[PDB]
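**Q** pasting an experimental structure, sequence included:
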Amino acid sequence: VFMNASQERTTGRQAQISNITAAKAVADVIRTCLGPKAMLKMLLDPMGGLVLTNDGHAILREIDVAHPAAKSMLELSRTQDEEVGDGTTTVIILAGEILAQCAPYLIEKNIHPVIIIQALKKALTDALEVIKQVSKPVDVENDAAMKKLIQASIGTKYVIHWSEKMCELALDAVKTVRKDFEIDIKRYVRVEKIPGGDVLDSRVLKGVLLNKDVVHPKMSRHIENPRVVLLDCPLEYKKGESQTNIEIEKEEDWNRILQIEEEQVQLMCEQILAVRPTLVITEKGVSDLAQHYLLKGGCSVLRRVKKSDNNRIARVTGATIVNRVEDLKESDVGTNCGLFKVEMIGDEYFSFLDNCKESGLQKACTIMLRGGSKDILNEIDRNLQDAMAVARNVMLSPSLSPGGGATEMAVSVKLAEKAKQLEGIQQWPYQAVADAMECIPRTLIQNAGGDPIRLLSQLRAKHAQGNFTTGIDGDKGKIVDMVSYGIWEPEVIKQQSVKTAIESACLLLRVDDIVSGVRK
Amino acid sequence: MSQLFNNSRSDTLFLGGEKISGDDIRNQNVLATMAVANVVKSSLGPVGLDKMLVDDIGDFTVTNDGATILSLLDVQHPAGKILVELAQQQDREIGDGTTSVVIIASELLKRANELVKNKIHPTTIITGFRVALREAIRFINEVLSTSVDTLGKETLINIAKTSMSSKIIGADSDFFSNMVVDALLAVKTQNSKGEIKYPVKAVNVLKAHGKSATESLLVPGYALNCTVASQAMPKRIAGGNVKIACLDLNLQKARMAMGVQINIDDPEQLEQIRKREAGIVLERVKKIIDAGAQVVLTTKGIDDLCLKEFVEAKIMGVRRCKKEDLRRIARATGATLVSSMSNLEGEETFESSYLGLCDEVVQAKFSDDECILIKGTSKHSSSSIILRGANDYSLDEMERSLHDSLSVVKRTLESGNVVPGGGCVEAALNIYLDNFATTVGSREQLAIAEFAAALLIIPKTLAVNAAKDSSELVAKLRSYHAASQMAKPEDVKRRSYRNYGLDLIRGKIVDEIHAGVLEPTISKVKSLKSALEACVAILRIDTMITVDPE
Amino acid sequence: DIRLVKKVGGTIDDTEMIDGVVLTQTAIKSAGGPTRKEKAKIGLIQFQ
């Protein structure tokens, strides 16, 4: 034997065929996950939980697929999520069909892959210009226009029944995080969920929702104007970096050691009372001795807080995190807090911090959600992340692309016209791209129960004469225009679907041989 | 090709594995050579295709570089480790010709092994290779072409596109050509009293998957990958002359030296000693804030104790980063890297000369990753390249694709003489060695004639991966090069041929000057020398002895 | 007395004799010290 090698080596054309067949099976599972009528997929993790969703991102993430080429399709799920967050299912279905539809050849024609790759680069450039021409800009300051835009990703989810309520939650969440260009991030958006309740009763409340009850019974649970001060240091006695190792010669010295520990903590409490804060938040644990001197002055003590929540509290009340108690000043004390209350729920306590709402740092807010169970909460949270991500594209890119499969079909018509004018050796790889673009609107027909032969035939004919907004209706499975359909999708979602799918197909076409289990 | 194994002789006994002698060793050496050779044959040339390797944990690696492929293959054969370490030596020194040196050295072993059975002695075979190599280097100096009458950077742009071929960036090589040339010219420095040298890896490679590869932005300055310590710090610095502080001193609560044991007889001293532990660190950060430093770089993590003063002073904090990355930041901005803060006098102080200068310091978020973009450096210019792709596995290939392009351009500006690529030199060295050795002849003529045909494996392999006719292209390369070797340097015509050929895209013989494919003369030299030592070491081995492990 | 220092990489033709003592060990450079000193006196430290 030699090294680590051989076993069964797959060489020749069958190595590329195995890469096309394996990658095609990835899009066949979520093939029914596209469209408003899309079904659901239940996943079983080794940890013992349950994941039920129609989003191809969460489906392909938990599923363990062992194969050199098929794993490359799994990585494309996080490409659409992390960059945008909407269209993860469309990219996998498109990239899965491109590899099969754009390169069936080399089984028959024996065309070299790089020759096909050179045609895919020119097809990607022309596909972007077609999308830019069919995209009509929309005003970002219109509240009525943003509601119908958020419902685009909602129409394919289960929250479409609440879509009238859901657009109210997504619009106020993105507008609050938006800072004046207009760069926002979801790290400050809270995913915290409330088990049980009515979905209509769920609302976005400014501030941070804490799960911890007040420490002492005499702590006021109702405050008109709370004043919040953040402390990273614990209120307990700090032992120090080096051991003290006090040598006690006389019996009076040992009692002074325990007496200073009470006075040393008291010294840190007197410096806090200078700004007389109504609510004191400590990142680490707190001693039961320090809470008394804080209660006498009106301060409130809370349980230890994680570092993630300390950043959101500082944004709501405008407070500045102060580690050193001696350096605490009135300038870093948070103000303009609307209400402080605690409501009783059987699972855990909940503490509410309301903002007075009236440029500066971006405000933070939490999204309260009332579901029917624990798993329903995780499904709507994934629906909100997909719906709120749509509002981020229109603000940075005011351009608005056609939805409902009209973007992919509009490109397929333009590629077929330029395929005969190009001629050359690249005409076959260039024309084959139009066949892979029409598979996405074809999926909408298969899920609706219509005839894709007669509908797609009239769709291409009415696309040239009628308008570029003609598309497939999800519910009725008929031929309608996106102008009267009332729902549109941003261009960033369509651009990421075309670019990621084509750039990933060129990677699998360059594979020659496959060797497994070389070493670790 | 070895059957029946070997009969173990009882009169010959040695501890460990059996000893195999005779022609069986050279037959297994070529068998082990063709094993690693056939892997890089399909990956050579713009029409070539790379291979995939599984790491057994589910992760794979897709790269066209022959060095990484052979590095991931652990060869148990003793003579097989030579070709594996030959690829790691090729990209480390020259940085190009990694796939070619493996294929050339493989054909040298296949032809020489067939000559050993011809009864010619291996040292005579080695002598024939070394004498032919000495004259082959002299022919390389005759075909050198100095860049002249060229417009702008087109000389370096056309050469950089050659290394970009055969890799995923070959289709985008038109856009990536201007990014690589401008990257090594910004890091241009001076050393050896007037000699121009360039740093390796100085250009930062950031991986953010999204949009398209053609939209990758070239930052006019260095970029560092790190996350901000406190989210309350400003991510954008407005105004020019931004001061950057490069420091190796972390700000944290620290324990006193282990050789010290604190013993106190009074409880009253516990307040001042515990407070002074944090107060010693305050003396170092206080003088830095008063200097007006906007950005403070630190090699080690910083506790939240000292991050409070950075928020009030609007100073951006930094945590653990690569040590080699902070060196080029201070040199570009003018700052001086301080390993330990001290002055000649016994008193601590901070000088304004340790602060850098630039136009602005901004933190841009690419996908979910956040990185700092430092643009408009003062003392020395810098550059960075953010690679974008569909998945992280394509970005791993684009990194080695970009690193190989930097090594070719680096060797281009060191020697102005370049040679045409695309199988032009390998076809020219064949005919030059055919007329050679005809004067000496005798026994060494056969060993030298096989060395000329040994270099033909490179142009013939390129035509196989293109699914075209190889004999049609090889017959043309031998037609133009053969008749023009005797040309006299007047009446022109003649040598105007033989300088071009073997175009894999169109399958026709076209001029490489108008095509743009070129290769530095440094990549051609030292490639045959390293391939010769790999051939000489293996050919001289008559008997392989394996000892069983204890 | 003859000291033969081995360095990985390169070619056999690069082998040459040096007119002075070759230092196999390498400098620190962690503090950014000069790697080239012209007309300098080389010392020896046996302490720490």
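**A** Great, that's in hand. Numbers count the residues shown, from 1 in each chain, chains lettered A, B, ... in the order given.

**Q** let me see the backbone angles for residue A:230.
**A** Note on residue A:230: its backbone torsions stand at phi -100, psi 130 [degrees, to the nearest 10].

**Q** ok, it - contacts?
**A** Going by C-beta atoms under 8 Å, 6 or more residues apart in numbering or on different chains, residue A:230 touches A:281, A:283, A:310, A:313, A:314, A:319, A:320, A:321, A:322, A:334. For every residue, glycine as well, the C-beta is placed using N, CA and C.

**Q** helix/strand/coil for the residue in chain C positioned nearest to chain A?
**A** In chain C, the residue that lies nearest chain A is residue C:8 (22.2 Å; C-beta to the nearest C-beta). Classification of residue C:8 using DSSP: H, G, I helix; E, B strand; the rest coil returns coil.

**Q** check which helix or strand covers residue B:311.
**A** Using DSSP states H and E, residue B:311 falls within helix B:307-312.

**Q** which strands and helices sit next to the next helix or strand after that helix?
**A** The helix or strand immediately downstream of helix B:307-312 is helix B:323-333, counting by DSSP H and E. The helices and strands touching helix B:323-333, judged by 3 or more C-beta pairs under 8 Å, 6 or more residues apart in numbering or on different chains; DSSP states H and E, are strand B:244-247, strand B:369-377.

**Q** I'd say residue A:332 and residue A:322 touch.
**A** Yes - counting by C-beta atoms under 8 Å, residue A:322 is a contact partner of residue A:332 at 5.1 Å.

**Q** quick one: neighbours of the residue of chain C closest to chain A, just the number.
**A** 8 (other C-beta atoms under 10 Å in any protein chain shown).

**Q** from residue B:95, how far off is it?
**A** 17 Å (C-beta to C-beta, to the nearest Å).

**Q** on the three-state scheme, the residue nearest to residue C:27 when sequence neighbours are not counted is what?
**A** Computed as C-beta to C-beta, 6 or more residues apart in numbering or on different chains, the closest residue to residue C:27 that is not its neighbour in sequence is residue C:35, at 5.8 Å. Under three-state DSSP, residue C:35 falls in the coil class.

**Q** count the residues that sit near residue C:35.
**A** 10.

**Q** neighbour count winner among residue A:332 and residue A:322?
**A** residue A:322 (23 against 19).

**Q** mind listing what the more buried one touches?
**A** Contacts of residue A:322 (C-beta under 8 Å, 6+ apart): A:229, A:230, A:231, A:232, A:328, A:332, B:308.

**Q** how near is the last one to residue B:193?
**A** In this structure, residue B:308 and residue B:193 are separated by 49 Å, where distance is defined by C-beta to C-beta.

**Q** same check on the fifth one?
**A** Counting by C-beta to C-beta, the gap from residue A:328 to residue B:193 is 58 Å.

**Q** when those two are compared, which one has more neighbours?
**A** With neighbours defined as other C-beta under 10 Å, residue A:328 and residue B:193 compare such that residue A:328 has more, 21 against 7.

**Q** which SS class is the nearest residue to the more buried one once chain neighbours are set aside?
**A** Nearest residue to residue A:328, sequence neighbours excluded (C-beta to C-beta, 6+ apart): residue A:322, at 4.9 Å. State at residue A:322, reduced to three classes by three-state DSSP: coil.

**Q** just the closest of the contacts of residue A:322 to residue B:116, please.
**A** The closest of the contacts of residue A:322 to residue B:116 turns out to be residue A:232 (C-beta to C-beta; 76.2 Å).

**Q** CA atoms only for the helix or strand residue B:432 falls within, dumped as PDB, please.
**A** Assessed by DSSP H and E, residue B:432 sits inside helix B:424-435. What follows is helix B:424-435, C-alpha atoms only, in PDB (Å, rounded to 0.1, in the frame of the first residue of the first chain):
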ATOM      1  CA  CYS B 424       7.000  28.000 -24.800                       C
ATOM      2  CA  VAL B 425      10.100  27.500 -22.700                       C
ATOM      3  CA  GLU B 426       9.600  23.700 -22.400                       C
ATOM      4  CA  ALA B 427       9.200  23.400 -26.100                       C
ATOM      5  CA  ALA B 428      12.300  25.600 -26.700                       C
ATOM      6  CA  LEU B 429      14.500  23.600 -24.300                       C
ATOM      7  CA  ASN B 430      13.600  20.400 -26.200                       C
ATOM      8  CA  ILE B 431      15.100  21.400 -29.600                       C
ATOM      9  CA  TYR B 432      18.100  23.200 -28.000                       C
ATOM     10  CA  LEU B 433      19.100  20.000 -26.300                       C
ATOM     11  CA  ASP B 434      18.500  17.900 -29.400                       C
ATOM     12  CA  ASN B 435      21.300  19.500 -31.300                       C
END
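
**Q** the helix holding residue B:311 packs against which elements?
**A** The elements that helix B:307-312 packs onto, with contact taken as 3+ C-beta pairs under 8 Å, 6+ apart, are helix B:270-289.

**Q** and the contacts of the helix it packs on?
**A** Helix B:270-289 has contacts (C-beta under 8 Å, 6+ apart) with A:238, A:240-242, A:244, A:246, A:257, A:260, A:264, B:245, B:249, B:251-254, B:256, B:262, B:264, B:296, B:305-306, B:309-310, B:313, B:315, B:341, B:348-350.
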